[PDB]
């Protein structure tokens, strides 16, 4: 059929778009007119990838199919982040293969099995009470300030405290853990142009390996002991493997949940009936509707290891496919009224945590609990908050971020 009505040369991973807006109309145009569409990229404008473009995947069923067929669609070959600075060295992309997110089976299979020790329901549930207490304190302190930056005073802290609590990081070290985590992402935004993710990753690996050594001597009931204690088959994370795990967690556990909270509250400010309902019932289905609406990871990619026909399109060996979760989470064929913010939506089969498959987010229930606890605390302590000015969006080609959002917590 006809080509999609998009500006010539439009690139759905272009950070300059996301610094201003989410390209919602553009995604909808692809879902209607070219649900799998070749996103060409000019020389030097591939965000670190120099292969001429990628297949934009905009339908949820296609995202699920790619995610399920990890034997064909590789995370390791080019990593899963679809956009870096245009001049990033290839070697700096490949160094990402040392975290489980960017590995294929069988290496991924072994690590995921080991790490599952640290994300058991029980391990995560043991954090409930401390995170609830921290959430109430966070909201109380924010409301006492009267007004300020919702991103910094409400959204930022609890995700970091969850990481710290899961890993058993001493309180006196959480400041520097928080700093390292915040130095990893956003380096294409002018506000964060001076961050040094490679240096922070090295400091965190050094910190983490020291912790692994210490926790081997004196086991504490965090996840670390489960991760570095050999099982019957001698399987365990080496000290450097634990280091790479902490790097992965410090990044994965921070800004995505933060941006879920900020954009969830933006959604409530735009939909007062849902906010009144939330305050009255406190439905935990709200967390999944918040993640669907926020889709904090706009997109992750894969690379075909062989020719593969996907919904009538011939994917060729070596080509990248980019799963636009932001499009799939508003797929009219899966969601009733996807553009209605409905905190009771149930079932809510969004792919904000990825598609079902080998790499499905291991932190999903930790994220959902963080979100439910903080919105309860917001409803308890600042039920009448009112935005003061527009949010400032993050310049990124794959993360949907809010840097700042001024709100009046007392709403007067």
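Positions refer to the first chain, counted from 1. In this text, rigid core is short for the largest set of C-alphas that superpose within 1.5 Å between two forms.
Rigid core fits of the other structures in 9 other deposited structures of this protein place the C-alpha atoms of one stretch farther away on average; of 186-194 and 276-284, that stretch is 186-194. Notably, residue 220 is an intermittent gap: at least a third of the other compared entries of this protein, restricted to those modelling both its neighbours, have no coordinates for it. Notably, residue 233 is an intermittent gap: at least a third of the other compared entries of this protein, restricted to those modelling both its neighbours, have no coordinates for it. Averaged over CA atoms, B-factors in the entry run higher in 210-218 than in the other of 243-251 and 210-218. Look at the mean CA B-factor for 383-391 and for 34-42 in the entry; the higher one is 383-391. Per the PDB entry, 235 shows the highest C-alpha temperature factor of the residues 235, 288, 149, 77. When the Cα B-factors of 298, 319, 102, 116 are read from the PDB record, 116 comes out highest. When the modelled residues of the chain are ordered by their C-alpha B factor, residue 88 lands in the lowest third. When all modelled residues of the chain are sorted by CA temperature factor, residue 342 is found within the middle third. In the PDB entry, residue 82 places in the lowest third of its chain by CA B-factor. When the modelled residues of the chain are ordered by C-alpha B-factor, residue 177 sits in the highest third. Sort the modelled residues of the chain by CA B factor and residue 195 lands in the highest third.
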